[PDB]
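K.L.:
this one's a deposited entry, sequence included:
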Amino acid sequence: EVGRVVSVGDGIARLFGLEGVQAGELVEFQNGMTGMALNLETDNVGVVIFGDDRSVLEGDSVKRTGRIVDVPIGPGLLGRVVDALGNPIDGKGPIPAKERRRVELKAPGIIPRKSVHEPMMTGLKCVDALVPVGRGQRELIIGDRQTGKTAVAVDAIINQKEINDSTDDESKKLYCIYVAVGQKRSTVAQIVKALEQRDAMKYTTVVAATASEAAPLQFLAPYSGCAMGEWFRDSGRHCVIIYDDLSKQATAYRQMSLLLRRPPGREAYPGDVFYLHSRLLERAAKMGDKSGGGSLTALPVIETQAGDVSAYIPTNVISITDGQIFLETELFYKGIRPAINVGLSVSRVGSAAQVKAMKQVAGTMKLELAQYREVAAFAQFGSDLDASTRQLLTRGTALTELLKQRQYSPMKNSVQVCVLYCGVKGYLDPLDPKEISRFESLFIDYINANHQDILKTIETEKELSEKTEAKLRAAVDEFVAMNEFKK
Amino acid sequence: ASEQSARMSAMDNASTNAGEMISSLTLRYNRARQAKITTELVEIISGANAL
Amino acid sequence: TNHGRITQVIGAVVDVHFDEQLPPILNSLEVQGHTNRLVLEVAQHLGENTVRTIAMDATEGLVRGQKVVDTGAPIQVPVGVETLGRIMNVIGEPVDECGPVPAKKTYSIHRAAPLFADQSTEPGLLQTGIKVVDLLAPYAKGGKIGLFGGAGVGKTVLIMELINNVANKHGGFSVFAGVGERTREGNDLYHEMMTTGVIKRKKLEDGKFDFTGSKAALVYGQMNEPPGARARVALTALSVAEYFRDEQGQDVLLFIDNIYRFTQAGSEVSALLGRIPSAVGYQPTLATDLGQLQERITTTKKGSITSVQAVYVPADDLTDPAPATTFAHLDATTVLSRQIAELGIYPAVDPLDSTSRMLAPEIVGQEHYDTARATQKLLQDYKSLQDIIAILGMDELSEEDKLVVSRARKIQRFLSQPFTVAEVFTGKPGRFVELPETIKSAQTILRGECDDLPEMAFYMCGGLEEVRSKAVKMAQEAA
Amino acid sequence: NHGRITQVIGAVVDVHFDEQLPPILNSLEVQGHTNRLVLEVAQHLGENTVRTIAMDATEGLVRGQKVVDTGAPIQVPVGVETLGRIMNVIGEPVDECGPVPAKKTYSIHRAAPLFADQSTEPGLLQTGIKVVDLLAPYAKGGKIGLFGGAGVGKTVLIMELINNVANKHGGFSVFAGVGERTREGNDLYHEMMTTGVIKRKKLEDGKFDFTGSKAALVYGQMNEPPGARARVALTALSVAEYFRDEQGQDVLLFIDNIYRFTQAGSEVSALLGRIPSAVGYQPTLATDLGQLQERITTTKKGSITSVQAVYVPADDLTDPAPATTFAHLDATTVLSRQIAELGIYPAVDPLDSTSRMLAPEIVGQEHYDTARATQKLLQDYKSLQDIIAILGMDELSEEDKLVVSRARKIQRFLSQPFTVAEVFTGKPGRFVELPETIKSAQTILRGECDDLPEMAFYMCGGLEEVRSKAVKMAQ
Ligand SMILES: Nc1ncnc2c1ncn2[C@@H]1O[C@H](COP(=O)(O)OP(=O)(O)OP(=O)(O)O)[C@@H](O)[C@H]1O
Ligand SMILES: Nc1ncnc2c1ncn2[C@@H]1O[C@H](COP(=O)(O)OP(=O)(O)O)[C@@H](O)[C@H]1O
Ligand SMILES: Nc1ncnc2c1ncn2[C@@H]1O[C@H](COP(=O)(O)OP(=O)(O)O)[C@@H](O)[C@H]1O
Ligand SMILES: [Mg+2]
Ligand SMILES: [Mg+2]
Ligand SMILES: [Mg+2]
């Protein structure tokens, strides 16, 4: 059937007609613009427009296509940048994909799932050690503005090119999806450039719902990304999806709901914000061996104001996630970059999403860092301390100086194991803290020059036998002999 | 003896400074209290008039 | 059966028009012509033979004028021993992928609470195997229990430990209701229940199943589901338990994760149903909607239901209306803290906010009452000395105060213990501490017998003897 | 097409057309009126009725007046003829120098450039200011924000950037005044006529010749309705887009304050029949801003550098307006009142300030390391403020005392006397290059300036001035 526009304003239309409309279907005007029907009132119909409202004219004919709002899926998206609806914006060719998928869908149930056991190598040291991440997990990256969240996510994306290049088994490769809500196109272009400069786009796609783009696209983009990732999840191929920032999506939803004359709630938001984020994040899952064995990891991002996680959106997304990676400005300016607060940051999965070789070191590291955090304040004042307490302070300072990293400079798992071994067994206590930043680098080059076999063995066996232990100890001794530092 | 005299003087100054900080924080607390009341009430009213 | 026509659709709210014979409130309506089953629960009568209903599943795909059929009764859930060993939805449909529920009976989830004349029973003591709980906040066998805490404090782990330590030993049946929790948690719980014999699934050559035994029933309304489902799934599980209480007369165990989600669901739709919001966005019908639930959970002269509710406390604010209202509905309370969990003291129970009606000298003897009150006095004394220690230092404290601080730290570390389900976090094995051992150990520590023993020794130790063994080991390793 | 006014509510007018409606954003002229009242369509309401926002005062309108549809949105002239000339939101010049004889006119409303038509090449600017050159380097071809309350020095900082950049630019420039004082507008006009940025010449026959000018001016000030404040930035953006599209030349755009633009929406949406958001702001607070900012962007054709002063009401940075604006900026500069009370000017908080052009792949590693060491020092000093206020400096150790000394010294050293402040400060201006700043910071951090006093770093620029002042202070 067809209908006619009755009212138009602020990217929203009120129609008269189309009595056979499905709630949530696409609608087409007589000028190419599209819309989505949400409020099926009695007299009129409330449509949200996918673009500017200058085209609609209060009398224009309108037609229903019968399609529920859907997006394309497949490997045709890899290497491409697309909008919320799958339309490309890279400017190079169309999207070669035949199979589509509905945006809003029912998450998978309790039975076709399994526990999280495989890790998702983030490339960082503090995350992969103290706040591990699994495949099928939903871990939040929450912080303030300009603290290193997008950087964490982009390093997670970049670390995968070595793992993917050194195989042709799709069951082991990890594909990636970056959803940019509210960002400006300059930032998205910078991210695309940073990924292309490192050949990290042949396994990624991007979904850009920027600020100039209307509210419905910002509201739909994360669901479009989850739909694109469900192809990997159900096909047996692992994928990780990153949402930057989710809060922007909540703001867009508030805008749409307020312009549809729906009543507000707390902070002018609706009550359906929890349902919005639960709908979105429960689609991340680790499926069973009967459903292929795929996965869809999620790494949402949230920007708090003044570190207030007592707010309305942070509280919800904290209560519906399997972890937290807090980021602070005090730690960011003190010198700790990434600025991960290892106290508040947790991971309910934990060691199950960690390699044994990393377990052996990270347990001791977490214990030592707890003790160091406990006595750090007392130590600053300056009072006589026992040798054991001083040793604790020295080891905590060493480990804190170890977990620092440059931007876009991730590392393999075996190298993290080796470095944290050097840090835990006491080969950094006498050394000057400020010197460690090169002890790391040189040591890495050394074990990539003359000790590739240790790395291959750790990569294959994924553990530290006594033989590899002794070999690594001998390598560290040779390295300290060949080199000299301030202590 | 000099140590104890200086200790008494320092405690005096610290108590005075604490009183000053208490005054400032009391002002801020009352401001935030009024803001909370106004914000909650405006939320309720805006939800009541959008019916 | 009547016949109606959908008139409008706003999120999870659906208006329906009948030509005659309006259905009563709380009745169930079935939409015809939809992809999957879609049930609506009547909520309001508006006028002109129009009603306003709440959808259990997503309204995506609904059409105006689409047809609706009244069932003549509210959402009827199946009941019996056939629900045992089996998972069920809010509308009674199974989601375990094992076959349909061959129940010979159905109960309406909406019922009236037992009257005042149906009195309770004696405050029977419940032994959980947890120390701080059995000591300072004893749980009643026939009363409601609350586990208050924010996010990341150990509510789910504590419920799982209670299941391992109670449900297996319980001779009656048991029920679990997942009200807006994570689905991963449900999968883990189902697998652990199949492992420890609480569920006994036996596949057959003819493709059927056999859940003989399996003294447990599961109901799930998780976050993926919309409002209307999260709200009514608790009533579903409560009716499933009320069947065993009333007819069978067996003692029943009910576990709810989290109850707060049920209240949140109402808020998500209240403004769509034309209600004015309350103080902080919650609905007006908060206390009543929660009390109509809670009063159905109570012991009678036919059976007993022991409930254990985990209450999310957002932003660690106990002044929020939902937990504030829930506090009055509970016999035993257990408040978990973050400041304690930061010290690695798990379970992170605050013994100064946890209370219990049972902690009285007539129910538990004075050896228990005085011990608990002395522990609480000691901990409050240690809490009052915190500022003096922070400003001046330990040098200023007298030897009495130093003894107090030492004993309080030892008590804090001693109330901790490792659970069997937390092996996958700590690696240490689990313990089951009976109550007399706890009372003996607390009396011993408060009397001053163990002042010589080091503070570190009292960590994740089931009993004082274990503490002695750990101290011996630490002293031997010292030389 | 003719139409009738049916309803008037302050700065909103509901009009009724009979035959055919005008689209949204179209301009409408009221005929029975003294001035040239222009109305911008915003909504459609049925019954062939339209809702509009007025670009001028509605005092004198009548229910029944006649309205004429122009068939297109507001049109602002463009070219090198707008240079050296003031122009209000509707393009009408208010310079009292004649009309604008420009050939082409652009619409106020244009779609932003696409994703493919972007070029994020990193460059730097020479502002001459120590704090921004060190800790928040400004990006050539990017957006820059100056956040602050009232009385912290945004306007003075923008004027300093004008004197230190625009005069040494060569290319073109634009200034948009969105709800600022008319006084400072006249002051800027005369300062520009002085410095040669505007080269006005009066011909014998009363005409004028602005040939040689390098700066346009657009002013919608406080003495204007909200509709004439929520459409001025768009006028300036059209004027600058003409340059960086057809001309293909770099341009500098200065906006004072952008927040006023959102404020106008706040005092309009209530009349347009919209439900308010958290703090009375609009539900359209983000799209109305993103549609303005995304038009500002360097592309493959040209580049727009932008310097926006963002008001912060009640010194609350959690307000929705600055919170939304933070996401659109490439560089940031957060001014503070706590630092201005200490007499430090510019009152920049170097910790809340940040930038994207600070990485070592853009600036060197010596610059990056100096900046990060300074930030660490100032954070370590901030962490001791409570214990210093309660107890005192005596409780601190010697390392902490050295830290406090160097932090106070580097705070006072990041204070520059500008040239435009000479009228209320007296001391002459001090342009400062970047390597001198870096050397001075390195020396202060090492410990090569602990012997000097603390008040010797106040308003001195480089270090030679600091040592000379310490010498003179020894007496
Ligand atoms: N490991 C790191 N080491 C040094 N600098 C870092 C590191 N990680 C991030 N940064 C720096 O932090 C600053 C902000 O980068 P980022 O893109 O991550 O911001 P953000 O946290 O996502 O907040 P927003 O995007 O809202 O501005 C950059 O200057 C970046 O160089
Ligand atoms: N007894 C415990 N021992 C060790 N760690 C615990 C314990 N209880 C909780 N934790 C930690 O806190 C996290 C809380 O998860 P959960 O048990 O679901 O509590 P909640 O639902 O209240 O957030 C656990 O994953 C674990 O890391
Ligand atoms: N560098 C400076 N030196 C001395 N005084 C300054 C300086 N900057 C600002 N001020 C003072 O603060 C006031 C700020 O007013 P203004 O320049 O209009 O900033 P804003 O736009 O934030 O209100 C000025 O009156 C001036 O006296
Ligand atoms: Mg970011
Ligand atoms: Mg939980
Ligand atoms: Mg100003």
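P.N.:
Arrived safely. Numbering: from 1, shown residues only, chains lettered A, B, ... in the order given. Ligands and ions are numbered 1, 2, ... in the order given.

K.L.:
so the nearest residue to residue C:38 once chain neighbours are set aside is in which element?
P.N.:
Once flanking residues are discounted, residue C:38 sits nearest to residue C:31: 4.4 Å by CB to CB, 6 or more residues apart in numbering or on different chains. Heads up, the C-betas are built off the backbone N, CA and C, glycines and all. Using DSSP states H and E, residue C:31 sits within strand C:28-32.

K.L.:
what are the phi and psi angles of residue A:416?
P.N.:
Per-residue torsions, residue A:416: phi -60, psi -40 (degrees, to the nearest 10).

K.L.:
quick one: residues contacting it.
P.N.:
Residues near residue A:416 by CB atoms under 8 Å, 6 or more residues apart in numbering or on different chains: A:125, A:128, A:129, A:358.

K.L.:
quick one: it from residue A:369, how far?
P.N.:
16 Å (CB to CB, to the nearest Å).

K.L.:
what's the answer for residue C:16, then?
P.N.:
Between residue C:16 and residue A:369 the computed distance is 60 Å (CB to CB).

K.L.:
neighbour count winner among the two?
P.N.:
residue C:16 (25 against 21; other CB atoms under 10 Å in any protein chain shown).

K.L.:
what about the more buried one, which SS state?
P.N.:
The three-state assignment at residue C:16 reads strand, by DSSP: H, G, I helix; E, B strand; the rest coil.

K.L.:
for it, what are its contacts?
P.N.:
C:4, C:5, C:6, C:7, C:29, C:40, C:50, C:51, C:52, C:53, C:68.

K.L.:
what strand or helix carries the second one?
P.N.:
When elements are defined using DSSP H and E, residue C:5 is found to belong to strand C:4-10.

K.L.:
what helix or strand is the residue nearest the centre of chain B located in?
P.N.:
In chain B, the centroid-proximal residue (CA atoms, centre = their mean) is residue B:25; its distance is 2.1 Å. Secondary structure assigned from DSSP H and E places residue B:25 in helix B:2-49.

K.L.:
that helix - contacts with which helices or strands?
P.N.:
Identification of packing neighbours for helix B:2-49 by 3 or more CB pairs under 8 Å, 6 or more residues apart in numbering or on different chains; DSSP states H and E yields helix D:385-390.

K.L.:
the residue nearest to the centre of chain B and residue D:383, how far apart?
P.N.:
As judged by CB to CB, residue B:25 and residue D:383 stand 19 Å apart.

K.L.:
now do residue C:32
P.N.:
In terms of CB to CB, residue C:32 sits 67 Å off from residue D:383.

K.L.:
residue A:144 too?
P.N.:
Distance of residue A:144 to residue D:383, given as CB to CB: 17 Å.

K.L.:
now do the contacts for residue A:155.
P.N.:
By CB under 8 Å, 6+ apart, the contact list for residue A:155 reads A:122, A:123, A:124, A:407, A:408, A:409, A:410.

K.L.:
just give me the neighbour total for the residue in chain B positioned nearest to ligand 1.
P.N.:
Closest to ligand 1 within chain B is residue B:39: 25.3 Å, counting by CB to the nearest ligand atom. If you count neighbours by other CB under 10 Å, residue B:39 ends up with 14.

K.L.:
ok, now residue C:230?
P.N.:
Residues near residue C:230, counting by other CB under 10 Å, number 29.

K.L.:
how much space separates it from residue D:467?
P.N.:
Applying CB to CB to residue C:230 and residue D:467 gives a distance of 71 Å.

K.L.:
same question, residue C:3
P.N.:
Using CB to CB, residue C:3 is found at 95 Å from residue D:467.

K.L.:
ditto for residue C:291
P.N.:
Distance from residue C:291 to residue D:467, by CB to CB: 78 Å.

K.L.:
cool, and residue C:194?
P.N.:
80 Å.

K.L.:
ok, residue C:307 - contacts?
P.N.:
So residue C:307 contacts C:144, C:145, C:253, C:254, C:255, C:256, C:297 (CB under 8 Å, 6+ apart).

K.L.:
most neighbours, which of the residues you listed?
P.N.:
When neighbours are counted by other CB under 10 Å, residue C:256 leads the contacts of residue C:307 with 29 neighbours.

K.L.:
give me the spatial nearest neighbour of that one, chain neighbours excluded.
P.N.:
Per CB to CB, 6+ apart, closest to residue C:256 is residue C:309, 4.6 Å.

K.L.:
that neighbour touches residue C:260, doesn't it?
P.N.:
No - Residue C:309 is not in contact with residue C:260 according to CB atoms under 8 Å; the separation is 9.2 Å.

K.L.:
what touches both of these two?
P.N.:
Jointly contacting residue C:309 and residue C:260 under the rule CB under 8 Å, 6+ apart are residue C:326.

K.L.:
the two: who's more crowded?
P.N.:
Using other CB under 10 Å as the criterion, residue C:309 and residue C:260 rank with residue C:309 on top: 28 against 23.

K.L.:
specify the beta-bridge partners of that one.
P.N.:
Note on residue C:309: beta-bridge partners by DSSP bridges are residue C:146, residue C:256.

K.L.:
report the buried residues of stretch A:120-133.
P.N.:
For stretch A:120-133, burial by neighbour count (16 or more other CB atoms under 10 Å in any protein chain shown) applies to A:120-133.

K.L.:
format those residues as JSON lines; extra columns: secondary structure.
P.N.:
Formatted as JSON lines, the buried residues of stretch A:120-133 follow (three-state DSSP):
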{"residue": "A:120", "secondary structure": "coil"}
{"residue": "A:121", "secondary structure": "coil"}
{"residue": "A:122", "secondary structure": "coil"}
{"residue": "A:123", "secondary structure": "coil"}
{"residue": "A:124", "secondary structure": "coil"}
{"residue": "A:125", "secondary structure": "helix"}
{"residue": "A:126", "secondary structure": "helix"}
{"residue": "A:127", "secondary structure": "helix"}
{"residue": "A:128", "secondary structure": "helix"}
{"residue": "A:129", "secondary structure": "helix"}
{"residue": "A:130", "secondary structure": "helix"}
{"residue": "A:131", "secondary structure": "coil"}
{"residue": "A:132", "secondary structure": "coil"}
{"residue": "A:133", "secondary structure": "coil"}
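
K.L.:
from these, which is closest to ligand 1?
P.N.:
Closest to ligand 1, out of all of the buried residues of stretch A:120-133 and judged by CB to the nearest ligand atom, is residue A:124, at 8.2 Å.

K.L.:
relative to residue D:344, how far out is that closest one?
P.N.:
For residue A:124, the distance to residue D:344 (CB to CB) stands at 38 Å.

K.L.:
equivalent analysis for residue A:18, please.
P.N.:
Residue A:18 is 64 Å from residue D:344, where distance means CB to CB.

K.L.:
cool, residue C:410 as well?
P.N.:
53 Å.

K.L.:
go ahead and list the helix or strand containing residue A:370.
P.N.:
Short version: residue A:370 belongs to helix A:356-381, going by DSSP H and E.

K.L.:
and that helix, what other elements does it pack with?
P.N.:
Counting by 3+ CB pairs under 8 Å, 6+ apart, helix A:356-381 packs on helix A:125-130, helix A:387-402, helix A:413-424.

K.L.:
so of those helices, which one's packed in deepest?
P.N.:
Highest mean neighbour count among the helices and strands packed on helix A:356-381 (mean count of other CB atoms under 10 Å in any protein chain shown): helix A:125-130, with a mean of 25.

K.L.:
CA atoms of that one as CSV?
P.N.:
Below are the C-alpha coordinates for helix A:125-130, written out as CSV (Å, rounded to 0.1, in the frame of the first residue of the first chain):
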residue,chain,number,x,y,z
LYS,A,125,51.0,-6.4,28.6
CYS,A,126,48.8,-5.3,31.5
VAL,A,127,45.6,-6.5,29.7
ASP,A,128,46.9,-9.8,28.5
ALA,A,129,48.5,-10.5,32.0
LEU,A,130,46.3,-8.9,34.7
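
K.L.:
please name every helix or strand in contact with it.
P.N.:
Using 3+ CB pairs under 8 Å, 6+ apart, helix A:125-130 sits against helix A:356-381, helix A:413-424.

K.L.:
now the angle between helix A:413-424 and the longest one, please.
P.N.:
Note on geometry: by axes from the mean of the first three to the mean of the last three CA atoms, to 10 degrees, helix A:356-381 and helix A:413-424 are set 40 degrees apart in direction.
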